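Protein sequence lines correspond, in order, to chains A and B.
Reading the first sequence from the start, the letters are residues 36 to 93 in the UniProt record's numbering.
Reading the second sequence from the start, the letters are residues 24 to 246 in the UniProt record's numbering.
A virtual CB, placed ideally from N, CA and C, is assigned to each residue, including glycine.
Here is the structure we will look at.
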Amino acid sequence: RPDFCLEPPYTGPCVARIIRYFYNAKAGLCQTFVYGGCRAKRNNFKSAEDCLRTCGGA
Amino acid sequence: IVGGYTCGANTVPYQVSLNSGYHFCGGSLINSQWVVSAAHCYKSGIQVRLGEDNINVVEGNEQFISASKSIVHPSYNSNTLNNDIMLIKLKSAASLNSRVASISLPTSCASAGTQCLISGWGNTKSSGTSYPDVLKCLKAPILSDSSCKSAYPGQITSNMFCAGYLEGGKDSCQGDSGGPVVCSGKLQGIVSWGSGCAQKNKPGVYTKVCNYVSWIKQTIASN
Ligand SMILES: [Ca+2]
């Protein structure tokens with residue numbers, strides 16, 4: 036329900052080590068994190084550009 | 024791999040690393056032109072790295088071959104994770120010879136208690152993050168379907184099996200996905216998912232390869 040841009044990054048149950056971006060509202064910037072490969076939440080982007088376009092300013 | 028040991032350079036010749044600008048998943052070579060991995064490891068521009076030990080340094084026995092085809096199981100369910108298997112065709116045939124070899128597919132499924140070898144370049148810490156340079160190994164037993172379902176209520180399908188130790192401390196972890204679970208020289212599982220790493224009562228979950236042998240053989244032969 037709340038702004039998905041403010042949710043902490045979600046690695047998920049799968050065990051891959053895929054680098055994705057998430058918007059870090061505390062730092063005011065899109066940062067990288069490890070995504071496991073499945074069950075991604077919305078604050079998970081394939082590029083800094085996608086992250087900024089979607090969550091910039093949150 | 025958490026709680027494992029250094030395998031030793033090229034001691035697991037069928038282990039490959041899937042690279043997309045960095046290591047993100049593992050895989051198992053089953054033929055000079057084909058690799059088996061997990062469906063959730065599907066990515067564009069995959070480069071398969073064979074003959075690897077130190078994943079961060081060129082040691083002289085590596086073969087970097089790009090994927091020409093990455094076929095995810097037609098019934099893979101990205102929500103339940105059922106049918107988490109993928110076949111990758113290599114653009115050129117790999118040169119097999121001691122340090123690079125294929126692993127046999129199973130002729131029958133493995134029973135609970137069967138000791139297996141799980142390997143990968145994934146995180147080695149149950150708390151925190153530390154990625155190894157060299158390949159890590161872990162000996163772990165296949166667990167009963169009953170115990171697997173008890174650990175993960177309503178999440179275990181007929182195409183999944185648990186392996187590891189309920190006490191915790193030994194398990195596969197982020198970066199190991201798609202990698203091998205070999206028992207008695209046969210590829211019985213593919214690193215798929217879990218709950219945290221090496222946590223008590225939360226063993227790793229693996230794709231049950233024995234249920235896909237017919238599909239694997241026919242798919243490889245028709246591509
Ligand atoms: Ca290397």
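Is the CB-CB distance between residue i and residue j below 8 Å?
i	j	result
residue 244/B	residue 26/B	no
residue 208/B	residue 164/B	no
residue 70/A	residue 78/A	no
residue 51/A	residue 64/B	yes
residue 201/B	residue 48/B	yes
residue 248/B	residue 195/B	Given a span of 24 to 246 for chain B in the structure shown, any question on residue 248/B remains unanswerable.
residue 230/B	residue 212/B	yes
residue 59/B	residue 108/B	yes
residue 93/A	residue 40/A	yes
residue 43/B	residue 68/B	yes
residue 214/B	residue 143/B	yes
residue 10/B	residue 71/B	Nothing about residue 10/B can be read from this structure; chain B reaches only from 24 to 246.
residue 125/B	residue 37/B	yes
residue 205/B	residue 186/B	no
residue 46/A	residue 54/A	no
residue 141/B	residue 158/B	no
residue 57/B	residue 128/B	no
residue 53/B	residue 166/B	no
residue 106/B	residue 182/B	yes
residue 198/B	residue 146/B	yes
For residue i, count neighbouring Cβ atoms within 10 angstroms of its own Cβ and tell me buried if that reaches 16, exposed if not.
i	result
residue 38/A	exposed
residue 117/B	buried
residue 45/B	exposed
residue 81/B	exposed
residue 190/B	exposed
residue 130/B	exposed
residue 156/B	exposed
residue 179/B	buried
residue 28/B	exposed
residue 51/B	buried
residue 240/B	exposed
residue 44/A	buried
residue 40/B	buried
residue 84/A	exposed
residue 177/B	exposed
residue 74/B	buried
residue 192/B	exposed
residue 63/A	exposed
Grab the span of the alpha helix (DSSP H) containing residue i for me, first residue to last.
i	result
residue 88/A	83-90
residue 172/B	168-174
From the DSSP output, in three-state form, read off residue i for me.
i	result
residue 73/A	coil
residue 232/B	helix
residue 240/B	helix
residue 41/A	helix
residue 62/B	helix
residue 198/B	coil
residue 29/B	strand
residue 193/B	coil
residue 227/B	strand
residue 149/B	coil
residue 127/B	strand
residue 203/B	strand
residue 104/B	coil
residue 119/B	coil
residue 46/A	coil
residue 180/B	coil
residue 65/A	strand
Along the chain, where does the beta strand (DSSP E) that runs through residue i open and close?
i	result
residue 38/B	38-42
residue 48/B	46-54
residue 216/B	209-216
residue 87/B	86-95
residue 70/B	70-73
residue 14/A	Residue 14/A cannot be examined here, being either before or after the span of chain A that is shown, 36 to 93.
residue 140/B	138-143
residue 186/B	183-186
residue 164/B	159-164
residue 110/B	109-113
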